[PDB]
Amino acid sequence: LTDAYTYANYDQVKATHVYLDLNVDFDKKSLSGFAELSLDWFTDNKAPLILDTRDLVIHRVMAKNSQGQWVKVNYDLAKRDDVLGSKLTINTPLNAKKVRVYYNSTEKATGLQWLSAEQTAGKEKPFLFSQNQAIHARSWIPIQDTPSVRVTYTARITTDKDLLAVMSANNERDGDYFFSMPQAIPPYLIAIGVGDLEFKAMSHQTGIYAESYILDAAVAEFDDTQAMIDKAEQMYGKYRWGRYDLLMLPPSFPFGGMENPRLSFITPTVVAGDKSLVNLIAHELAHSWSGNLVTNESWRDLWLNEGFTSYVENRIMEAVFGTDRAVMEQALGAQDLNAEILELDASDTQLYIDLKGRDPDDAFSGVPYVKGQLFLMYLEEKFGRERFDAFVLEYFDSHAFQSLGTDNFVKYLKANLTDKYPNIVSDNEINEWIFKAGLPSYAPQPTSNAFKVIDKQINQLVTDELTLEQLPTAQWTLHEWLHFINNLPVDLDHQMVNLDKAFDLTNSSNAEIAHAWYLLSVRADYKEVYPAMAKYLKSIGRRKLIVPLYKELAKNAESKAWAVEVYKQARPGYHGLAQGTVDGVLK
Ligand SMILES: [Zn+2]
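Numbering (the entry's author numbering) for the sequence shown: 38 to 209, 214 to 536, 538 to 629.
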């Protein structure tokens, strides 16, 4: 029961399957039908089935008694929590083997985005998609929303004729689809998308679903993913899910992607045209092992997820693209970790983070990913890949479709590494790594030559105050451009213009570029890139591409006001998960 946030008494009862009978109503913006949990009881004496819910409407609850008869049981729907929602206590027959809840979700459901046909690319049909991480599955599924509880699911979804349903299971149009996931997964991984979707594959087990405009552009961009999976299997074990597809969501998607088994939800912001932001997909394919195959039991073990997924993400990048692309990305990333540790509370920089009773979304940083990566990179360098990678492979094989907590990871990390090959790493470096704030100083600090030739170059003194701009720009990769803009000095102000007029980083195609540019601009007061930044902020709603922009922007009361004026235009359209965040950084 290492886990607040769940009213679910997963102590005595545990659901092993979920049959969903739902109807997708776009006018009422609600899914309505029923959830049929199949349970496994541990205690011989009577106990209630406690389930998590949110802005769910309950019609009736049934359970199967000692004689398989669907009898009506009664429930209590507790007062709504601000973060956990309303606890549903259903009074179930001693050992009820099943329970059927009849409900609907409401449009205020926090785990679902209802996009009007106009907020879509087709402009003709609306679009729906889920995001159930961390604790939003309950907003449209009465269940034990806990990463500690894994269930298989089958689901009968009803939609309109001329709309397609997708989920994180096997899809065998008409408007009557039924999906099946025979693989036990925690709820945050139950996902659904409905819209005017088209499908093209790329390989034998990889394809894409999208709105046509981005379809072929997307298939041209991730046609490497098959490679990700073959190189990834080589070192990490088999891809136990069968198929791996990509679901491009509309520009409104708040994140960069969700690792929904068999169907990763990807932001359109990565279809750049040059394959530069592709580590995102290598990153979502990494979850297949960390955070999907083996999942954190609570949200304080969230690093066992992002950490390892970030580490494996890079490896897959080295294997298919080469270690120079690979460490060019570890550096670029470690620079932000350092920047975040600085703006962060010296309590959140810990790996086994304390949530303090916060929202699993509020309490969220880059820490567990990069610091959890440097951590495993530390054990790599310490033991070697042979030994480290054999261990990591067993680690995934041994926890196949299981849950794990920080304390136990340690027990295993010791019994299978740190103690297997003794006297290399001490339990002080282990404890220090996962429990203490900031970085250990002896923490790997990936360094990229190419980057660092640039470092030397950024030294064109006061400005064209040694060297012209006849640098190797015409050879600069996306990575090499973010490093330039990134450690370029914040004292260029206007001084800045050669830069934009020569390379035009303002109207820069790649979004990452546009980002780092406006970030630096507003910092140095390059006040010139405010209009382009406006459309940018109004257009895209990915958090990690507007959030930090709204932060720096909202730190000069005169500037912080320009924010509210635009955030009042871009506000509608953003995903709730984003609005929420920007709503706080904008006072
Ligand atoms: Zn992730």
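Note that CB positions come from ideal geometry on N, CA and C, so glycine has one too.
Residue state for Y250 is assigned as strand, using DSSP reduced to three classes. Three or more Cβ pairs closer than 8 Å define a contact, and the region 348 to 360 falls short of that threshold against the region 554 to 568. Annotation: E252 to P228 spans about 27 Å, alpha carbon to alpha carbon.
Closest in C-alpha terms to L288, from the list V110, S317 and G297, comes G297.
Between the region 46 to 53 and the region 78 to 89 there are three or more inter-stretch CB-CB distances shorter than 8 Å, so the stretches are counted as touching. Using a 10 angstroms sphere on the CB of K135, the tally of other CB atoms reaches 16 or more, which defines it as buried. Shortest gap from the CB of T336 to any heavy atom of ligand 1: 8 Å or more. Beta-bridge annotation (DSSP): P614 is paired with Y616. The criterion of a C-beta distance shorter than 9 Å is not satisfied by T147 and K124. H328 carries a helical assignment under DSSP once its states are collapsed to helix, strand and coil. Contact between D496 and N528 holds: their C-beta atoms lie close to 7 Å from each other, under 8 Å. For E359 and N346, the gap between their C-alpha atoms comes out near 20 Å.
DSSP, read as helix, strand or coil, puts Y44 in coil. When the beta-carbon positions are compared, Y483 and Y572 stay at least 9 Å from each other. Judged by beta-carbon spacing, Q443 lies within the 9 Å limit of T336, meaning their Cβ atoms are closer than that value.
Less than 9 Å separates the beta-carbon of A323 from that of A273.
Here the region 54 to 67 lies against the region 178 to 188, with 3 or more beta-carbon pairs under 8 Å apart. Using a Cβ distance threshold of 9 Å, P130 and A171 do not count as a contacting pair. For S489 against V624, the beta-carbon gap comes to about 32 Å, at or over 8 Å, which does not count as contact. Sequence-distant Cβ neighbours of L392 in its own chain, meaning closer than 8 Å and more than five residues away, are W344, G348, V408, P409, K412, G413, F416, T447, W474, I475 and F476.
Between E510 and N540, the C-beta spacing is below 9 Å.
With a 10 Å radius around the Cβ and a threshold of 16 neighbouring Cβ atoms, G70 comes out buried. Relative to ligand 1, the beta carbon of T350 is positioned inside 8 Å of a heavy atom. For ligand 1, no non-hydrogen atom lies closer than 8 Å to the CB of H173.
For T508, the three-state secondary structure derived from DSSP is coil. Looking at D257, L165 and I357, the one whose alpha-carbon comes closest to that of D271 is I357. Note that the C-beta distance between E435 and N457 is below 9 Å. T266 counts as buried, since at least 16 other C-beta atoms from the protein chains shown sit within 10 angstroms of its C-beta.
With at least 16 other beta carbons inside 10 angstroms of its own, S550 counts as buried. Runs of the beta strand (DSSP E) lying entirely within the region 370 to 400 and spanning at least 3 residues: none are present. Here DSSP, grouped into helix, strand and coil, assigns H96 to strand. Leaving aside the five residues that flank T39 on each side, the residues in its chain whose CB is nearer than 7 Å to its CB run, in chain order, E338, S339 and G446.
At the C-beta level, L165 and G236 come within 9 Å of one another. Taking the C-beta atoms as reference points, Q246 is found no nearer than 9 Å to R281. The Cβ-Cβ distance between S317 and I233 does not fall below 9 Å. At a threshold of 8 Å, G332 counts as near ligand 1, since its beta carbon sits closer than that to one of the ligand's heavy atoms.
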